[PDB]
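J.: Test case, fold it:
(2 chains)
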Amino acid sequence: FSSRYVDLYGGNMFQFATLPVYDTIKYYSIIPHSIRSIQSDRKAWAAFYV
Amino acid sequence: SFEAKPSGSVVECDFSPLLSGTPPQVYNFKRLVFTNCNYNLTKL
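T.: Residues are numbered from 1 along each chain as shown, chains lettered A, B, ... in the order given. Dropping the coordinates below:
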């Protein structure tokens, strides 16, 4: 479900795509992502909330 | 009550996975979703 496509301003969520998986997933795991940069060009990013 | 008489009455779902590849076991059964397409179940 992607909120931006139906209304960027609204924040309402609509189902953008469907993926077919027979298996039912019970556990969610987050993979940390880090981008190397010089100290002068170090970037701070907004936290994502689950 | 009187009823007004009806007048002026007003892509392609593909069952390809079912006929293609080894058939799955009942626990491992393959499931597919058809949307916004014209299916022909009677022909299948």
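
J.: If we ignore the residues flanking it in sequence, what's nearest the residue nearest in space to the middle of chain B?
T.: Nearest to the mean C-alpha position of chain B, counting by CA atoms, centre = their mean, stands residue B:39 at 3.7 Å. Leaving aside its sequence neighbours, residue B:39 sits nearest to residue B:13 (CB to CB, 6 or more residues apart in numbering or on different chains; 3.6 Å). From N, CA and C alone the C-beta is placed, and that goes for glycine too.

J.: So the one you found versus residue B:22, what's the distance?
T.: 22 Å (CB to CB, to the nearest Å).

J.: higher neighbour count, the two?
T.: residue B:13 (16 against 5; other CB atoms under 10 Å in any protein chain shown).

J.: My understanding was that the more buried one contacts residue B:37; is that so?
T.: Yes. The pair residue B:13 / residue B:37 is scored as a contact, 3.7 Å apart, by CB atoms under 8 Å.

J.: what is in contact with the two at once?
T.: Listed contacts common to residue B:13 and residue B:37 are nil; contacts here mean CB atoms under 8 Å, 6 or more residues apart in numbering or on different chains.

J.: Show me which residues of chain A sit near chain B.
T.: Contact residues (CB under 8 Å from any CB of the partner chain) of chain A with chain B: A:18, A:20, A:22.

J.: Tell me how many other residues surround the last one.
T.: Pointing back at residue A:22 there. For residue A:22, the count of nearby residues is 10 (other CB under 10 Å).

J.: Report the secondary structure element holding it.
T.: Using DSSP states H and E, residue A:22 maps to neither a helix nor a strand.

J.: hang on, isn't it packed against residue B:31?
T.: Yes. Between residue A:22 and residue B:31 a contact is recorded at 5.8 Å, counting by CB under 8 Å.

J.: Quick check: buried residues in stretch B:5-25?
T.: residue B:13 (16 or more other CB atoms under 10 Å in any protein chain shown).

J.: Understood, closing this out.
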